[PDB]
Structure formats: C-alpha cells, structure tokens
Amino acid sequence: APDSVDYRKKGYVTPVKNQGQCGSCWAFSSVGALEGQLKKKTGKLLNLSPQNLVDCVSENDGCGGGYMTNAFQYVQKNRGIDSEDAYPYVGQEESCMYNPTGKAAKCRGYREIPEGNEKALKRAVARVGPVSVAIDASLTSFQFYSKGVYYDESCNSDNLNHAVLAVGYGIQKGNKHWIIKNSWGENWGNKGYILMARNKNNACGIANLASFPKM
C-alpha cells in the first residue's frame, strides 16, 4: 500500500482526448472529473460531452475559455450532462443542443480545494477520485515535455491559463509527482499525460484552482 494512486489502473479515466484549436480545456477537465465520479457511483466508465459544456455553459465563453466550477454548476442546474455519443465534440461553439435522452450523469454540486493546499488535493485525489486542476502551461518546456517529473521554476503559480486533470500521484526516482491527464491528444507528452512535481511549493499553481463534482 505505497502512498500512491493511479485511477487509470482502476478504470476511472477515459482515453486521452484532443481539444484541438478551441479554448475548451476547461470542458475536458470538467468531463474527466465527472467521468471519474460516474464510474465510482455506478461501476460504468464512459465518455461525457465536453461539447455539451462549451455550447451550454453560459457562464463560460465557449472556445474563448472557461472555469470548471461553472460547468459543474451547469450540470447541476441543468439536471444532467449528455454523453459524448449523444453530443459529439465539434471543436467550435454552437447553440446549446442539450438532449434529455442523452443524459449520462448529473451532479449535486461541487467542492473547491482550498487555494494552494497540495495536501488537500492529495487527499481529495486519494479518497474521491480524479480532480480538476488549473495550471500554468504557457512555458515552452511544458509543451515539449516527454518524460520524467516536470518542474520549471519559471512556472507562474499566479498565471493560471490551462485546465487539466489529476488522475493520481506517486514517486518516480525519489521525485514526487501528480499524474496529470492532458487534452492535447495522445501524441503529446507521455501518451497524453505528464507527471508534474508534487510538494515543490505548489509548482505551476497546480492547487490554486482545483475542484470536483459531487454525485
């Protein structure tokens, strides 16, 4: 029972996705956390509609960008989110076409991780499931990452611009990390993932804006 978890081994995370040229990273982040909780409560893992969120989460700005809390608040108020199959991903903002028949999950709200508290994120990841997190992915070093535990002191924890997913945490070569699922396709990083330095002064501010849905 080493202090480490990986929800990919448990069957809680869907295949890596590609948001393409659309500021919908927040949507894929949101869908991931929801997929994790959907499996945990029903034993069924499946793809949810990040498109459903872009077209319908009016608090957000479609491909212009958005926040994960607003998407969770939307699933709650809407009383459901469609599955991918029932609401395919196009990559551009379009009118909301939410369909009750395509309902695959809902949520009773969300819970935010206190700002900068990696220990709280660690505990949320360990006992709840995959967690939505915001980081600073502007650095070129992040874009060309390919292996190991990522960490670059230039990462501005006050400059959050990308929304990804925390699928687990552990240690590689004496270096703690966060198993992060990205939405730039499986050709990026390590088959769609990247191990990010954990407990190193909240690098890239991985714990400054994290949250998860409640089902």
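Residue indices: 1-based, along the sequence shown.
**Q** Name the higher of the two by mean Cα B-factor in the PDB entry, 44-52 versus 166-174.
**A** Higher mean C-alpha B-factor in the PDB entry: 166-174.
**Q** Comparing 185-193 with 65-73, which stretch shows the greater average C-alpha B-factor in the deposited entry?
**A** Higher of the two, by average CA B-factor, is 185-193.
**Q** If you check the C-alpha B-factor for each of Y110, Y98, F144, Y89 in the entry, which is highest?
**A** Result of the comparison over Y110, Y98, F144, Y89: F144.
**Q** Looking at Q37, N156, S30, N60, which has the highest CA B-factor as recorded?
**A** Highest CA B-factor of the listed options: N156.
**Q** Sorting the chain's modelled residues by C-alpha B-factor, tell me whether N117 ends up in the lowest, middle or highest third.
**A** According to the entry, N117 has a C-alpha B-factor in the chain's middle third.
**Q** Which third, lowest, middle or highest, does the CA B-factor of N201 fall in along this chain?
**A** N201: CA B-factor falls in the highest third of its chain.
**Q** Relative to the other modelled residues in the chain, which third contains the C-alpha temperature factor of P15: lowest, middle or highest?
**A** Lowest third, going by the recorded CA B-factors of the chain.
**Q** Just say lowest, middle or highest third for the CA B-factor of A137 relative to the other modelled residues in its chain.
**A** It falls in the top third of the chain.
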